[PDB]
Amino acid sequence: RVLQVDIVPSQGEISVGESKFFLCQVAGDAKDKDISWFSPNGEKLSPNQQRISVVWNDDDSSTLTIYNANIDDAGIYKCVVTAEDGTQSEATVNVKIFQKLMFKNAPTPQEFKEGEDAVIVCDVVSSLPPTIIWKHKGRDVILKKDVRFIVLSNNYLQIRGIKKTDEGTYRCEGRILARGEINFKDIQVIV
């Protein structure tokens, strides 16, 4: 039997905060061997830790479990098996981390300096580029036809010289065109 190693699933994509495991399966002799996992940085992973878990199942398999995934867990992980005579073989598995459209920081209420230049904060995270739309009472602010309203490149909404009749509920809406994903956060703007 020519020493061989495989990982199942052969690849994976874990959503932020969720968990997945990968089995390193060996096909070699019928003896004892060493199966070691290495993280993307090329460093060996210690077994039995609670979040980035490496558990020994039997002589021919070790399981890697990435619990409560975060974007920094992304990368090519490697499993290397060393038979008793020193012979080695390895397999790699590319792990991607996916961040669905979410609002990292969209405070409410958001109070403002009357007559001052307001900037409504809306920090969005998403692996896929989102298209942002700001609404007031469910209507795209761009339709107000007011030069004072400008959507900034960081998705924040600027309202120059804000007035009281500008107060109300502003929704920061994110969509992923052609894929159908949408999420929003309603923000109470107070003047």
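The first residue of the sequence shown is number 1, and the count goes up from there.
Of the two stretches examined, 97-105 and 110-118, the record assigns the greater average C-alpha temperature factor to 110-118.
Averaged over CA atoms, B-factors in the entry run higher in 34-42 than in the other of 34-42 and 127-135. Residue-level inspection of the entry shows that, of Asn183, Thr169, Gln25, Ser19, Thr169 has the top Cα B-factor. When the modelled residues of the chain are ordered by their C-alpha B factor, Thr165 lands in the highest third. Annotation for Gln49: CA B-factor lies in the highest third of the chain's modelled residues.
In the PDB entry, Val191 places in the highest third of its chain by CA B-factor.
Sort the chain's modelled residues by C-alpha temperature factor and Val2 lands in the highest third, per the entry.
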